[PDB]
Structures are given as C-alpha cells and as structure tokens.
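Only one chain comes next, encoded as structure tokens, the form deposited in one PDB entry.
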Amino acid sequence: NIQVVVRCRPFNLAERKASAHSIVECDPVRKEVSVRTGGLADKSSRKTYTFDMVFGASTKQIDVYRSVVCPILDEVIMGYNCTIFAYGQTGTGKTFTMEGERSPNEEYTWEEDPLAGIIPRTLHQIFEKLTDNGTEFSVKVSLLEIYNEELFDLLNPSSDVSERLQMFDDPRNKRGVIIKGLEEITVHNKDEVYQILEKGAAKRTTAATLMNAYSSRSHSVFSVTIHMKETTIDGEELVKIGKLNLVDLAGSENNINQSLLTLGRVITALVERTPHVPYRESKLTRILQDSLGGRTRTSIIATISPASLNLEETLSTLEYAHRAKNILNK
C-alpha cells in the first residue's frame, strides 16, 4: 500500500571540482538504484533496490510534482487525507524537495520558479484548480515542528519560539491528539502564500539560533487544509474535507531523536505485523499515526547522495525506504 520513491541528488561543485565519482546508479526505467559497495567502475560488488519510482539527478522540481504530488492532490480534493514524508541523511535534498529554493538574482517569481519544491507549487495549485471551476472553498495551513520531543509553531507571529506547545490525546476520537495553541493560518487568495512562507523562514531562523543543529535535528509537519463546498452543474453542495501532510523528517543520519527512533520502530512493528505498535512513544508517531497503518494515504521520498563517503548512510537509507514498502494503510 505505502508507496516509496527514491530521489537522487547530484554532485555539488565540491565533488565536481574534486573530480570525484558516484557509486549510485538511479535508473527510472527499471525503477531501481544500484550501489557500489566494494570498488572499481571495472570489477565491483554492488547492492540493488527497487521501489515504486526513481528520479535521477537530471530530475527537476516539476518532474517530482506531476509524478508524485498531483495524484495525492486530486485525492486530497475528494476529501481524502494524504501524507508525504521526506527521509534521509542530512545534505541529501530532503528539504530542497519539500520546500525548494529560490532562483537567484531575482530571475522569476514565486509562481514560476523552476526551483520551488512541493509545499509552494502545491498551494499555487490548490487555488489554481478549485478557483477555476465553479467551486466554493477555504484553506488553512499550519506548521508543527518537533525539537527534542518539544512542539513548535513556526507560523504563529504573536509569540516567539521558546514557547513550546502542549500535546494531549483527543477524547473525542481515540488515537488523535490535541495541539494546545497550534496556529492555523487561513489562505484567502493565491497571493497570500508567499508572505506566509517568508514568515516561517524567519521564525525558523530564530529557532536555529535557539537550539543546536536545529535544521538537521528537527521535524516539520506542514499541513494544508481544504474545506470544500463544491457545486457541480447541478445544485448539490459538496462538503469535502482534505488534509495533506508534508513532513520534513530529521537527518536520518545517526544526541538522540526519540521520534526518529520511534518511527523506525513504528515501521518495523507494522511490517513484522507485530500485534503492538509503539505509536505513543514519541510525538511524531502520535501526532502522525493514521499515516502509519491508518486510513491516510502515505508516500515516502527517500533521499541519497552519490558521494562515496556517504556509502554507509546511503545503504542504510535505501534499506530503510525499501522495507517501508510493506506497510499497508488506507
């Protein structure tokens, strides 16, 4: 059920100039990645994995979108729920993919930057779709961020960041959680998107100065909520509701990440079909359980680097992703 893709990044002008070599071969047609574990572009011992989709370095933000995002949007617009994880070592592109960057010198705008990753393109699309058709709606987005099993609202501009939120189970629906004081911004028009991000980009930063190796050590749950009151060429008023989750996991690389640690356990639990799954042992898991064996449709984007210094983490990441395939939610 759970679909996993492997996105492979390309050489930075560090491994470019240093005339270095890759050890990763990402083939989109056979849908697999083959790692060189021993040595020699001549005689070598390799390691090969297959997943649901593979994108080489030659891939562009736009290619990742129509291929993995579009469906999950259409679904999410039927009232469904969807989740997207990004997973992997630090420095491999988990963020680039999820957020993207900005094309330099000011070439383009935020609605045409070939560099903009998921979260951006997505918002510009939710509007660019329901707006078009005789559809009535409203959307909201929030950003839960985890640092040391401490919750953080990266958008709320009324209070700083030392202020950690509080988690309680929802007595309403079992397995749910209540996030005391979480902010849910309301995006009225496609022209609000950009500042909303420019905002968190700040607040993040103060967080980066507040606690150590924040970026590498945190989990950002970016959530966009669509309230739909559709109305086809009939007169019926749909009441669809969709929640699409975009998770930028912490550095897969190995103080201690209780959540990162609870996730691996959570998975293994579901794959070995172990009667008891340790959701409740970390915030992420509780906060995000329905995705791990629940009703939500989830997909993982594992990220890797060709550098031969990263062999041990690459294999580790590709083994992780490859096993996360047998989980079956929905």
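C-alpha atoms forming the largest set that superposes within 1.5 Å between two forms make up the rigid core. Residue positions are given as counts along the sequence shown, with the first one as 1.
Form deposited in another entry: not shown, discussed below.
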### Message
Please name the one residue from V33, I301, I304, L292 with a C-alpha displacement of 2 Å or more between the shown form and the other one, using the rigid core for the superposition.
### Response
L292
### Task
Superpose the two forms on their rigid core, then report whether the C-alpha of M78 is displaced by 2 angstroms or more between the shown form and the other one.
no
### Task
For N212, state whether the C-alpha moves by 2 Å or more between the shown form and the other one after rigid core superposition.
yes
### Message
Once the core is superposed between the shown form and the other one, does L263 show a C-alpha displacement of at least 2 Å?
### Response
yes
#### Entry: Sense of the change in Cα distance from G293 to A321 in that other deposited form - at least 3 Å versus the shown form
farther
### in that other deposited form, whether the C-alpha atoms of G93 and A41 sit closer or farther than here (change of 3 Å or more)
farther
